[PDB]
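Engineer: The structure's right below; bear with me while I get my questions together.
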Ligand SMILES: Nc1ncnc2c1ncn2[C@@H]1O[C@H](COP(=O)(O)OP(=O)(O)O)[C@@H](O)[C@H]1O
Ligand SMILES: [Mg+2]
């Protein structure tokens, strides 16, 4: 198959604290200063503390969206310790309403790009629906409906795992996509301040189904793509168990992809299950690993880099999800 794509993004430390623990050697390479012997890692890209939101999009998402348009499933998720910048990365800063639009993250920029590609693709027609859900403590909540209850996971023949009874909102424009996101991202923030004891333990999954029909009478070709944009629970220890499953799954896959054989429990967590195609399955996956340089993050940084390194070993098999009728 095709190896998944791993990127490392180093967020800048808070202003006015030296002594970094991490040095970027090149656009593919970084050195972790561990003693006595330093380690170096190689990824598809390494972005330093100055990297802009837009840069991130171009390096990571642009490709995924494109292959989405061509009918492949695709997935981007952000992994890393709490406070490493996952949310800033996929979403943007909070709290900034009347300004700093250049700060919006991957997900908003993805909407923009997707819809302009579509606009330009026009015979053929397009249909997009969004879902936004949150997994907290092995438990599902619908961000589009705060009154929803009893959400649960279910397999399909099409191979899709999905959340049964989650709102699927139809959107015809970036702008419409944007309130779906806004409304949900708020519910997420709003729930995190009582409990939902922390937002640092919840995974957030924003999904767009992208379905085109090329229809030249009588015949109709149908392409359908599932795009998952995920902001994970923080990876620090104690280690949240769904993330532990994530580690276990990544590991088993590697044993398998290169030799041996192994059992991979996708069903050990709602996350690994819902993401089953994203790992080793039918989809084009990109992982952004967020790390905070700086010396007191050394341990969690080391874990993140270790995790991401294996992840880069995994291979998916992704096909155009197609169909013909009429
Ligand atoms: N690229 C960046 N540039 C500047 N500040 C950032 C960047 N990424 C994150 N931050 C800031 O660091 C803090 C944690 O980022 P956040 O996205 O909340 O972390 P996480 O989602 O990993 O818990 C926030 O204050 C955030 O605004
Ligand atoms: Mg966060």
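In this analysis, Cβ positions are derived from the backbone assuming ideal geometry, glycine residues included, and neighbour counts consider all displayed protein chains. Quick note: the coordinates plus some simple rules give every number you see, no bench work behind them.
Engineer: Looking at 283, 289, 308, which one is touching a helix residue (DSSP H, G or I) at 6+ places or on another chain (Cβ under 8 Å) and over 16 Å from residue 83 (Cβ atoms)? Break it down stepwise before answering.
Structural biologist: On the way: 289 fails: over 16 Å from residue 83 (Cβ atoms); 308 fails: touching a helix residue (DSSP H, G or I) at 6+ places or on another chain (Cβ under 8 Å).
Every option except 283 fails the conditions.
Engineer: Within the range 154-186, how many residues turn out to be within 16 Å of ligand 2 (Cβ to nearest atom) and either under 27 Å from residue 72 (Cβ atoms) or over 19 Å from the mean Cα position of the chain (by Cα) (or both)? So that I can check it myself, show each step before the final result.
Structural biologist: Of the residues in the range 154-186, the ones within 16 Å of ligand 2 (Cβ to nearest atom) are 181, 184-186.
After this cut, where a residue has to be either under 27 Å from residue 72 (Cβ atoms) or over 19 Å from the mean Cα position of the chain (by Cα) (or both) as well, the list is 181, 184-185.
Going through the range 154-186 one residue at a time, the tally reaches 3.
Engineer: How many residues are more than 22 Å from residue 297 (Cα to Cα) and in contact with a strand residue (DSSP E or B) (Cβ under 9 Å, 6 or more places away or on another chain) if we restrict to the range 28-55?
Structural biologist: Total meeting the criteria: 2.
Engineer: Could you check residue 286 against (1) more than 16 Å from the chain's Cα centre (by Cα); (2) in a strand (DSSP E or B) and say which number it fails?
Structural biologist: Here residue 286 meets the rest and fails (1).
Engineer: Here's something else I'd like to know. Quick check: is even one residue across the range 274-282 under 21 Å from residue 135 (Cα atoms), within 16 Å of ligand 2 (Cβ to nearest atom) and surrounded by 15 or more Cβ atoms within 10 Å (Cβ to Cβ)?
Structural biologist: Within the range 274-282 (the criterion being under 21 Å from residue 135 (Cα atoms), within 16 Å of ligand 2 (Cβ to nearest atom) and surrounded by 15 or more Cβ atoms within 10 Å (Cβ to Cβ)), the answer is no, since none of the residues qualifies.
Engineer: Can you give me the number of residues within the range 156-178 that are surrounded by 12 or more Cβ atoms within 10 Å (Cβ to Cβ), out of contact with any helix residue (DSSP H, G or I) (no Cβ under 7 Å at 6 or more places or on another chain) and part of a helix (DSSP H, G or I)?
Structural biologist: Number satisfying all stated conditions: 1.
Engineer: Give the residue that is farthest from residue 310 (Cα to Cα), with candidates limited to residues of the range 8-27 that are within 13 Å of ligand 1 (Cβ to nearest atom) and under 27 Å from the mean Cα position of the chain (by Cα).
Structural biologist: Checked the range 8-27; the qualifying residue farthest from residue 310 (Cα to Cα) is 14.
Engineer: Sticking with this structure for a sec: If you check every pair at least six apart or on different chains, which have Cβ atoms under 6 Å apart with a residue in the range 193-204 that is outside any strand (DSSP E or B) first and a residue that is near ligand 2 (Cβ under 10 Å from one of its atoms) second?
Structural biologist: What qualifies is 199/192; 200/82; 200/234; 201/233.
Engineer: Please note which helices (runs of 4 or more DSSP H) are completely contained in the range 40-155 and include at least 2 residues that are within 12 Å of ligand 1 (Cβ to nearest atom).
Structural biologist: Values: elements: 53-69, 86-90, 106-121.
Passing ranges, in order: 53-69, 86-90.
Engineer: A follow-up question, please. Could you tell me which residue of the range 206-244 is farthest from ligand 2 (Cβ to nearest atom), considering only residues that are assigned to a helix (DSSP H, G or I) and buried (at least 17 other Cβ atoms within 10 Å of the Cβ)? Don't jump to the end; show me each part of the working.
Structural biologist: The first filter runs over the range 206-244 and keeps only residues assigned to a helix (DSSP H, G or I), leaving 241-244.
Filter once more, keeping what is buried (at least 17 other Cβ atoms within 10 Å of the Cβ): 242-243.
Numbers: 242: 15, 243: 13 Å.
Only one residue tops the list, namely 242.
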